[PDB]
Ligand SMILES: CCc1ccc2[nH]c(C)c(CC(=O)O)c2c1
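This document starts with one chain, in the form solved without the ligand, laid out as structure tokens.
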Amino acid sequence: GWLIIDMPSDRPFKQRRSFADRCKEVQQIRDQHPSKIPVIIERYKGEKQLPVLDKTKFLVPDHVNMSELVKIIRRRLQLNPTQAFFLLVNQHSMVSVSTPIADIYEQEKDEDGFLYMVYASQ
């Protein structure tokens, strides 16, 4: 008489793939495109107002800066130009919109080799 619960779809990337798999994944990409920056963009922990995008893994080239990335995410989320949107690094830091993603990577990448960002409104 077992009732079996299905696991939820939009869990965080760290809860989906194991740490070895994430590390494996970054390694393979590092070998293929060593200048490209592997970035995980996920919706902020308790955010309600903004949708969940269905790409959360972004392969960012060397000279792209936040400002390009923010404009990409803003458009994917079909957002209105007057809706505020903050892309943070770690789990709470804003970055200068001028900064190349690569300059951020080496200082902010996770243990597993990914750069983790989250997006929010408040």
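Between two forms, the rigid core is the largest collection of C-alphas that superpose within 1.5 Å. Just count from 1 along the sequence shown to find any residue number.
FYI, the form solved in complex with the ligand isn't displayed, but the following is about it.
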Indicate whether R43 is a 4.5 Å heavy atom neighbour of the ligand in the deposited bound form. no
Partner contact for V97 in the deposited bound form: the ligand, 4.5 angstroms, heavy atom: yes
With heavy atoms only and a cut-off of 4.5 Å, decide whether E108 touches the ligand in the deposited bound form. yes
Using a 4.5 angstroms cut-off on non-hydrogen atoms, would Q83 count as touching the ligand in the deposited bound form? no
Are all three residues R11, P51 and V52 in contact with the ligand in the deposited bound form, where contact means a non-hydrogen atom within 4.5 Å? no
Residue by residue through 43 to 65, which ones have a non-hydrogen atom no more than 4.5 angstroms from the ligand in the deposited bound form? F58, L59, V60, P61, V64
Displaced position between this form and the one not shown, chosen from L88, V52, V97, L59 (C-alpha, 2 Å or more, rigid core): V97
Any idea whether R16 and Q91 get closer or farther by CA distance in the deposited bound form, knowing it moves 3 angstroms or more? farther
Evidently the Cα separation of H92 and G46 changes by 3 Å or more in the deposited bound form, so the atoms lie farther
